[PDB]
Amino acid sequence: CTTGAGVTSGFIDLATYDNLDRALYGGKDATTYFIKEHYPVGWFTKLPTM
Amino acid sequence: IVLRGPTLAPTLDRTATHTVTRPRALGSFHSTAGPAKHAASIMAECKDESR
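Read top to bottom, the protein sequences are chains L3 and y1.
Numbering follows the deposited numbering, in which position 26 of the first sequence is assigned residue number 28; successive positions increment by one, without gaps.
Numbering follows the deposited numbering, in which position 44 of the second sequence is assigned residue number 454; successive positions increment by one, without gaps.
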């Protein structure tokens, strides 16, 4: 069916994995998207003055 | 007075509770790999016609 591409059809792309993809992507220390690390910043305020 | 088989309605069970929807199984069939490689070209350091 043509309407089955809601969640499928990406499994084939994921499985299309080779040595070049091994060299580029993957790894224990490889970072990933969809994740952002938050670090505290200084506490301050601002306002215009004469 | 009228006598007949009493009507008993089954109960319990659970319908439309805690939808999960995780039936997918990963895996597919396609080409295997590609046997390609290349060398580091050819170097050339020669002159003066040393016989």
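For every residue, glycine included, the Cβ atom is placed at its ideal position computed from N, Cα and C.
Put simply, the CB of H440 (chain y1) is near chain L3, with a gap under 9 Å to one of its CB atoms.
Cβ-Cβ separation between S438 (chain y1) and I14 (chain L3): approximately 5 Å, consistent with a contact (criterion under 8 Å). Contact check for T10 (chain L3) against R432 (chain y1) fails: the beta carbons are separated by 9 Å or more.
When DSSP states are grouped into helix, strand and coil, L49 (chain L3) belongs to the coil group. Identification of chain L3 residues near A443 (chain y1) by a Cβ-Cβ cut-off of 7 Å yields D20, ordered along the chain. Taking a beta-carbon distance threshold of 9 Å, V43 (chain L3) does not count as an interface residue toward chain y1.
For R24 (chain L3), the uninterrupted alpha helix (DSSP H) run begins and ends at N21 to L26, by DSSP.
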